[PDB]
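The chain below stands alone and is given as structure tokens, in the form deposited in one PDB entry.
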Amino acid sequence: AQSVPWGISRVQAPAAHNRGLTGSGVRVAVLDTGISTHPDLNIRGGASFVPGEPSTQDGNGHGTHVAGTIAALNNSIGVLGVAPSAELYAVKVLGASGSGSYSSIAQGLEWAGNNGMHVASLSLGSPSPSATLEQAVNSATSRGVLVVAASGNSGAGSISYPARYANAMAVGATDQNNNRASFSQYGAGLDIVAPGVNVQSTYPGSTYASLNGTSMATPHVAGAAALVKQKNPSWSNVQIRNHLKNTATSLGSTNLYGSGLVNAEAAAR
């Protein structure tokens, strides 16, 4: 039996799938700890930038979880992603312990822009700016990639890098009450929010697990961007990003929530 995690229905993905928008032909890169082979995922390709872990398989679990929120397959098992037809690429920039260099992350962004990815989902964050990182962000952006990044889980009134950069779309996390989750960073640079508490998704070992974080919120927005892209094939990264914000549901303060909660139905219309 397939179940629809609360976050997926919160962003109204099913309403968009009922109009035929599934993310088909949109190339999405998940920059994280890898993506493990799973019966509810279709991994098209990828690269590892982690010395020591030449494979794209995930030894951590995080990347596999992120990937399932974006594109868990629409079938009779497991869960359902926001864009179940998106072409998923595993870009391993973090090792099994969950860390890696700004250098590795930069290489993964370069890869994305060299491989014609439409959306890049970045799970990582840093309280400190990085010129290396910033440059990679801008380079992917000018190669047409929409870079989506997590605001961070410090609960601080300022957001992490690279989400803070102008060219990155910064995503914060909400709870089932449509309030900002306590750990969600907010403030200047925040663009939008999405579900980030008790998010059930695909997990290595052919199973499913529930996690919390701004990094669980991010993939909801990465997936909504693939629906808009499918609907409007000629739109650029900037056009998609502004449309998401323009159609998001206001939740109160833009300081805490940016444009509001992403609404995939409203955006993929």
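Start at 1 and count along the sequence shown; that's the residue number.
Unshown form solved in complex with a partner chain; subsequent notes refer to it.
Interface residue among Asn115, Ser154, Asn198, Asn74, judged by heavy atoms within 4.5 Å of the partner chain in the entry with it bound: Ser154.
Note on contacts: among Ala136, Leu190, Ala173, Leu124, the single residue with a heavy atom within 4.5 Å of the partner chain in the entry with it bound is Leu124.
The closest non-hydrogen atom of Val119 lies beyond 4.5 Å of the partner chain in the entry with it bound.
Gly144 falls outside the set of residues with a heavy atom inside 4.5 Å of the partner chain in the entry with it bound. Contact annotation for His65: none of its heavy atoms lies within 4.5 Å of the partner chain in the entry with it bound. With a 4.5 Å cutoff on heavy atoms, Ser160 counts as touching the partner chain in the entry with it bound.
For the candidate spot formed by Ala225, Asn232 and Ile240, no residue has a non-hydrogen atom within 4.5 angstroms of the partner chain in the entry with it bound. Contact with the partner chain in the entry with it bound, judged as any non-hydrogen atom within 4.5 angstroms, is confined among 107-115, 75-83, 124-132, 174-182 to 124-132.
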